[PDB]
Q: 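Right, I'll just put the structure down here and ask away after.
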Number of protein chains: 2
Amino acid sequence: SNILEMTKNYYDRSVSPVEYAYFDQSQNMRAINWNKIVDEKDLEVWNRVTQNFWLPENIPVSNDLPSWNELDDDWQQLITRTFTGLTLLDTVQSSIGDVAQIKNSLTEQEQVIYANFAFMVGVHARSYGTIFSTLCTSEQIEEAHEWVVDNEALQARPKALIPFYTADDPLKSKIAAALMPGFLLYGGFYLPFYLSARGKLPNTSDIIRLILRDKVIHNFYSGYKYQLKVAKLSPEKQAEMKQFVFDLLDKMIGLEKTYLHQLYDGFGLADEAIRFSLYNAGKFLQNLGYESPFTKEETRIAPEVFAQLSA
Amino acid sequence: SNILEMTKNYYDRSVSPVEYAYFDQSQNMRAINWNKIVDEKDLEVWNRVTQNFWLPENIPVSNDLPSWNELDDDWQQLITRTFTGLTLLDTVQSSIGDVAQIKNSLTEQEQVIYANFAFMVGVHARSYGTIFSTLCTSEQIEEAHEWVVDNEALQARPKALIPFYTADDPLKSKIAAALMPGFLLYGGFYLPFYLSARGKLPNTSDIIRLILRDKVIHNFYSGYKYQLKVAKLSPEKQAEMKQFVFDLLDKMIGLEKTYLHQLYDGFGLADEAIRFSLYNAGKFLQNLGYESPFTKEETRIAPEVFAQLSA
Ligand SMILES: [Cl-]
Ligand SMILES: [Cl-]
Ligand SMILES: [Cl-]
Ligand SMILES: [Cl-]
Ligand SMILES: [Cu+]
Ligand SMILES: [Cu+]
């Protein structure tokens, strides 16, 4: 009788609203408690992403018009197409991926952080529109949208990830959520950094660096939460989930290579864009707590391009 | 044919990713187009809510310590309880309500605006935490959480709305989404406006006004989208939906009056808070395109409270 509980704390006999909504209606709901934080990492991430709030109106893209006008119609078309492709991936992540993570949160604050991610990835998608409004003709903008809809190699990539978001396996959904910021857009981000290394569209690369300042935290955070959940599996199911991560990444690399060859082969950027992509595939695995199986040679980035990425 | 259509518009032969995820896989996905906007109201709302970005760290709540210390322990408890009750409603809306609206959007931009709403309602919930961190003891904060979990009259209100969010009727989900910012938190906001009218906690009322600057747009926007969708239904289905709105508001007013009497009867604020609540119930109906049935007498607000509201 030394250990009898006469006073049960409110937290352990209540559920967050999203748990009440989708999982269990047998207990009453608790309001989020920002005064007693379960995981200090959540407060650190919340503070950084909110402090890093930006809008594309903040960047004078109109100052890129001189260097934009130096590029021929084929280069301008490549940039508009590439960025409309990245707009599609951001639309998938903002409208499906991030908000699917909310109900699978380990902590109250994580629910609010994924709401921030959904909004800020929406700002990322909106940023390409700001660039197009300033630089592109109406014809270039409409052509790029037509090209995205009709590009099967482009479409294959989000079509591969969306099922994990809409299915009922929260760990597979979390892996998909990490793979988007961790890997899938870097093939596209190569192009603006290739150009800004040569002094072309520098203001556009400032927008890409603001996008990446968010995406690196998104990848870190989803990877961190993945590691906390996978640690709660049996060693058998742990090894099983690791194999799934490597199998899914192997598949997505296959689809990304096909798309980047189609996108870039005509411009001689395919090989370097794929190396840049695999460098980030390595970082993605590291943020899930795994070792990168990729060689120095097959992840090689030109110093002038790496300088644009890390700035 | 005098009109030659050489190609078919990409938009009419593609779906947004969230439509692809949940409703229709018959066509490929289109990237959001911020360059050709279907509804200029979406751009106006996007620009206003993003330009209105704020964090509770922006407001010096520490300057309220003198007026907070003037308030007796029972008034401090009432404020902590009331605000933890509002925190629960914001947690419901941020984690379930707003994100549930994304897949039911009429336009691409609406998907991104509801992501902004989810994030900003998260900031609203967080702002109570900031106030508590500055003003309240650990004991007051824990007591208020215990009080929220064990308050059946409080819990009844979100428990009535959450089923509309998780169900597959998008119009009933939209009405629930409008009811939260339009009606359910005004009973609670009465208290800080009452206090600031008497010169107490002025900095806290600045946070409440920043919250209300967001919530008035949330209510307007959800009501605007409700009106566009319901207008396309048969006269009989429009009549059915109008009856549902009035029936649900009638139920929620019943639950709100019970909760506000329990909250405020001891302080003699219940009748005044309920009139303030019903005034806003009238505005909620107007924002759905219906007429207010409420009398002048049952919606009467003291000028000094209305002054704090509209400042
Ligand atoms: Cl992302
Ligand atoms: Cl993300
Ligand atoms: Cl709200
Ligand atoms: Cl809302
Ligand atoms: Cu992201
Ligand atoms: Cu709201």
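Chain naming here is simple, since letters A, B, ... match the order of the sequence lines and numbering starts at 1 in each. What's counted below: heavy atoms across the whole structure, side chains too, no hydrogens, waters or symmetry copies.
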Q: Under the side-chain hydrogen bond (donor to acceptor under 3.5 Å, both in side chains) test, which residues partner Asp250(A), sequence neighbours left out?
A: none

Q: Mark yes or no for whether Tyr264(A), through its side chain, and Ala273(A), through its backbone, hold a donor-acceptor pair below 3.5 Å.
A: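 No.
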
Q: Mind checking the CE-CZ spacing from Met120(B) to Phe53(B)? Nearest 0.5 Å is all I need.
A: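 So the CE of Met120(B) and the CZ of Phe53(B) are separated by 6.5 Å.
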
Q: Does any non-hydrogen side-chain atom of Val149(A) lie less than 4.5 Å from one of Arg13(B)?
A: yes

Q: Got a sec, which pairs hit ring pair (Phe, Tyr, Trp, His ring centres under 6.0 Å) with one end in residues 81-113 of chain A, sequence neighbours left out?
A: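 Listed once each, the pairs are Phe83(A)-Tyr128(A).
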
Q: Could you check whether any side-chain N or O of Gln111(B) sits under 3.5 Å from a backbone N or O of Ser95(A), counting only pairs where one atom can act as donor and the other as acceptor?
A: no

Q: Do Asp39(B) and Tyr224(B) pair up side chain to side chain, a donor and an acceptor below 3.5 Å, judged on atom types alone?
A: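 Yes, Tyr224(B) and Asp39(B) have a side-chain donor paired with an acceptor closer than 3.5 Å.
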
Q: Taking only residues two or more places apart in sequence, or in another chain, which ones meet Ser222(A) in a side-chain hydrogen bond (donor to acceptor under 3.5 Å, both in side chains)?
A: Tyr114(A)

Q: So, the side chain of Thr295(A) versus the backbone of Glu298(A): is there a donor-acceptor pair under 3.5 Å, distance only?
A: yes

Q: Enumerate the residue pairs fulfilling side-chain hydrogen bond (donor to acceptor under 3.5 Å, both in side chains) with a member in residues 50-60 of chain A, sequence neighbours excluded, ordered by first and then second residue.
A: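 For residues 50-60 of chain A: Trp54(A)-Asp214(A).
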
Q: Return the set of residues passing salt bridge (charged side-chain N to carboxylate O under 4.0 Å, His left out) with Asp90(B) (not counting sequence neighbours), or none when no residue passes.
A: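 With neighbours one apart ignored, the set is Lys215(B).
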
Q: Just by distance, no angles: are the side chains of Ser196(A) and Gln308(A) close enough, under 3.5 Å, to form a donor-acceptor pair?
A: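 A pair is found: one side chain offers a donor N or O, the other an acceptor, under 3.5 Å apart.
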
Q: Check the side chains of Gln77(A) and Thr80(A) for a donor-acceptor pair under 3.5 angstrom, ignoring hydrogens and angles.
A: no

Q: Does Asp24(B), at its CG atom, have more than 12 non-hydrogen atoms belonging to other residues, nucleotides or ligands within less than 6.0 Å?
A: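 For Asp24(B), atom CG is crowded (more than 12 foreign heavy atoms under 6.0 Å).
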
Q: Would you sort out whether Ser67(A) and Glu70(A) count as a side-chain hydrogen bond (donor to acceptor under 3.5 Å, both in side chains), showing the intermediate values?
A: CA-CA 5 Å; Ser67(A) 59; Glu70(A) 289 186 295; 5.5 Å; no

Q: If you define the side chain from C-beta out and look only at heavy atoms, does anything of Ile102(B) sit under 4.5 Å from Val99(B)?
A: yes

Q: Tell me every residue that passes side-chain hydrogen bond (donor to acceptor under 3.5 Å, both in side chains) with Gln76(A), counting only those two or more places apart in sequence or in another chain.
A: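 Once residues adjacent in sequence are excluded, the partners of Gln76(A) under the side-chain hydrogen bond (donor to acceptor under 3.5 Å, both in side chains) criterion are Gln140(A).
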
Q: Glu152(A): which residues meet the salt bridge (charged side-chain N to carboxylate O under 4.0 Å, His left out) condition with it, sequence neighbours left out?
A: none

Q: Quick one: does any side-chain atom of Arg157(A) pair with a main-chain N or O of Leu154(A) as donor and acceptor, under 3.5 Å?
A: yes

Q: If the condition is ring pair (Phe, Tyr, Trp, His ring centres under 6.0 Å), which residues does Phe306(A) pass it with, not counting sequence neighbours?
A: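 Residues passing ring pair (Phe, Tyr, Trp, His ring centres under 6.0 Å) with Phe306(A): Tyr279(A).
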
Q: Mind checking what makes side-chain hydrogen bond (donor to acceptor under 3.5 Å, both in side chains) contact with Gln243(A), not counting sequence neighbours?
A: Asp247(A)

Q: Tell me whether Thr107(B) contacts the main-chain N or O of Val38(B) through its side chain, where contact means a donor paired with an acceptor under 3.5 Å.
A: no

Q: Please identify each residue that fulfils side-chain contact (heavy atoms from CB on, under 4.5 Å) with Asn63(A), with sequence neighbours left out.
A: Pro60(A), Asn203(A)

Q: Return the CE to CG distance between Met180(A) and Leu89(A), rounded to the nearest 0.5 Å.
A: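 Between atom CE of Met180(A) and atom CG of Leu89(A) there are 5.0 Å.
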
Q: Looking at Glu44(B) and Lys41(B), is there a salt bridge between them, counting it only when a charged N and a carboxylate O are closer than 4.0 Å?
A: yes

Q: Could you check if a side-chain atom of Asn35(B) sits within less than 4.5 angstrom of a side-chain atom of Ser133(A), using non-hydrogen atoms only?
A: yes

Q: Measuring only between side-chain heavy atoms, which start at C-beta, is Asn33(B) closer than 4.5 Å to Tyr11(B)?
A: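 No, side chains not in contact.
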
Q: Keeping to residues at least two apart or across chains, list the salt bridge (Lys or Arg N to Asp or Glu O under 4.0 Å) pairs with something in residues 162-185 of chain A.
A: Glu110(A)-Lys174(A)

Q: Taking side-chain contact (heavy atoms from CB on, under 4.5 Å) as the test, write out the residues that go with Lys229(B), two or more places apart.
A: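 Partners of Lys229(B) by the side-chain contact (heavy atoms from CB on, under 4.5 Å) criterion, ordered by chain and then number, come out as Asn104(B), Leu106(B), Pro170(B), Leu171(B).
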
Q: Take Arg275(A) and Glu272(A) through the test salt bridge (charged side-chain N to carboxylate O under 4.0 Å, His left out) and record every step on the way to the result.
A: CA-CA 5 Å; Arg275(A) 287 201 300 275; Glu272(A) 37 262 80; 5.1 Å; no

Q: Please check this pair: side chain of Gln101(A) against backbone of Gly97(A), looking for a donor-acceptor N/O pair closer than 3.5 Å.
A: yes

Q: Taking atom types as modelled and ignoring hydrogens, do the side chains of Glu143(A) and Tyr10(B) form a donor-acceptor contact shorter than 3.5 angstrom?
A: no

Q: Under 4.0 Å between a side-chain nitrogen and a carboxylate oxygen: does that hold for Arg30(B) and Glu108(B)?
A: yes

Q: To the nearest 0.5 angstrom, please state how far the CZ atom of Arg126(B) sits from the OG1 atom of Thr91(B).
A: 12.0 Å

Q: Looking only at atom types and distance, does a side-chain atom of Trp147(A) sit under 3.5 Å from a main-chain N or O of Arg81(A), one as donor and one as acceptor?
A: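 A pair under 3.5 Å: no.
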
Q: At what distance, to the nearest 0.5 angstrom, does CG of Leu78(A) lie from CG of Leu71(A)?
A: 10.0 Å

Q: Could you grab the distance from atom CG of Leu285(A) to atom CG of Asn280(A), nearest 0.5 Å is fine?
A: 11.0 Å

Q: Taking the side chain as every heavy atom from C-beta outward, state whether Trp68(A) and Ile79(A) have any pair of such atoms under 4.5 Å apart.
A: yes

Q: Is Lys225(A) salt-bridged to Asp42(A), cutoff N-O under 4.0 Å?
A: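 Between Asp42(A) and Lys225(A) there is a salt bridge, with a charged N closer than 4.0 Å to a carboxylate O.
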
Q: Parallel, tilted or perpendicular: which one describes the rings of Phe119(B) and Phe119(A), with boundaries at 30° and 60°?
A: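 Judged by the thresholds at 30° and 60°, the geometry between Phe119(B) and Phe119(A) is parallel.
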
Q: Rounded to the nearest 0.5 Å, what separation is found between the OG1 atom of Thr258(A) and the CG atom of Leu263(A)?
A: 12.5 Å

Q: Are side-chain heavy atoms of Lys200(A) and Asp64(A) found at a separation under 4.5 Å?
A: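 With C-beta onward as the side chain, the pair stays apart.
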
Q: Do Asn116(B) and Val112(B) have side chains that approach each other closer than 4.5 Å (heavy atoms only, starting at C-beta)?
A: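 No, too far: nothing below the 4.5 Å cut-off.
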
Q: Under a 4.0 Å N-O cut-off, is there an ion pair linking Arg300(A) with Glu297(A)?
A: yes

Q: Give a yes or no on whether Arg213(B) atom CZ has more than 12 heavy-atom contacts from other residues, nucleotides or ligands under 6.0 Å away.
A: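 Counting other residues, nucleotides and ligands, CZ of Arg213(B) exceeds 12 neighbours.
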
Q: Is any side-chain heavy atom of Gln93(A) closer than 4.5 Å to a side-chain heavy atom of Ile96(A)?
A: no

